[PDB]
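Single chain ahead, by itself, as C-alpha cells, in the form deposited without the partner chain.
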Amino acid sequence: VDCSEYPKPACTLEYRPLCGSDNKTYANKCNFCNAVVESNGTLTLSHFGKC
C-alpha cells in the first residue's frame, strides 16, 4: 500500500483493520503506515482484515 503521506502525527478512530507482517491487526491504514515508517521499512502488509 501507498504510505507516501506518512508519518502523520494523529490517526483517526475509523476502524478498518489490516494485518501486518508482524501479525498485529492495525486499526486502520494510518496506524499501519505510521508503524511502517517507525520500523524503517521492515513491516509490510500481509492482508486486509484481522490477522
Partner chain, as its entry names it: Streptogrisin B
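For the two forms, the rigid core is made up of the largest set of C-alpha atoms that agree within 1.5 Å on superposition. Numbering follows the first chain given and starts at 1.
Below: the form deposited with the partner chain bound, not depicted.
Visitor: Given that the partner is absent here, does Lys8 sit within 4.5 Å of the partner chain in the deposited bound form, heavy atoms only?
Guide: Yes, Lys8 is a contact residue.
Visitor: Using a 4.5 Å heavy atom cut-off, state whether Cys19 contacts the partner chain in the deposited bound form.
Guide: Flag for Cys19 set to no.
Visitor: Quick one: is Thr12 in contact with the partner chain in the deposited bound form, heavy atoms, 4.5 Å cut-off?
Guide: Yes, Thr12 is a contact residue.
Visitor: Any idea which of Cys11, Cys19, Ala27, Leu43 has its C-alpha shifted 2 Å or more between the shown form and the other one with the rigid core fixed?
Guide: The one that moves 2 Å or more is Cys11.
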